[PDB]
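[1] my complex, first installment, coordinates as in the assembly:
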Amino acid sequence: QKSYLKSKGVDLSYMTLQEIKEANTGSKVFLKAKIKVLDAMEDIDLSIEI
């Protein structure tokens, strides 16, 4: 969003991060996500002490 706003010509040097996220984008949406994908058991370790 910041890169897009700069590409348009706004001067966000004063605007706070929250106000930067406030800004109108005009039919464009930018989102990011974080996930971790599980996997089935594939290799098994086992050490036995007598």
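    All right, it came through fine. Residues are numbered from 1 along each chain as shown, chains lettered A, B, ... in the order given.
[2] ok, residue A:48 to residue A:18 distance?
    Noted for residue A:48: a distance of 57 Å to residue A:18, by Cβ to Cβ, to the nearest Å. For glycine as for every other residue, the C-beta is placed from the backbone atoms N, C-alpha and C.
[3] Next, name the residue at the spatial heart of chain A.
    residue A:32 (3.4 Å; Cα atoms, centre = their mean).
[4] Can you tell me the element that residue falls in?
    Under DSSP states H and E, no helix or strand contains residue A:32.
[5] again with residue A:4
    Counting by DSSP H and E, residue A:4 is part of helix A:2-8.
[6] now the sequence for chain B, which goes on the structure above:
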Amino acid sequence: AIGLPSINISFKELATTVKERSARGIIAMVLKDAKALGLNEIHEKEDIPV
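    Following on from the chains above, chain B is added here:
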């Protein structure tokens, strides 16, 4: 002069402007052939005269 009453609403754009400076990164290419003489204007990597 006194005329008919005038009501006008004007809509303008906030013409945010970054000045257009001299273009950099253009290459002049010259070559001799018997086909497609003159300039050929290969702006895009993909398209090529056949």
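[7] for chain B, what are the nearby residues on chain A?
    Contact residues (Cβ under 8 Å from any Cβ of the partner chain) of chain A with chain B: A:8, A:9, A:10.
[8] The residue in chain B that chain A sits nearest to and residue B:46: what is the separation?
    Going by Cβ to the nearest Cβ, chain A is nearest to residue B:16 of chain B, at 4.1 Å. According to Cβ to Cβ, residue B:16 and residue B:46 sit 33 Å apart.
[9] Repeat that for residue B:32.
    The value you get for residue B:32 to residue B:46, if Cβ to Cβ is used, is 24 Å.
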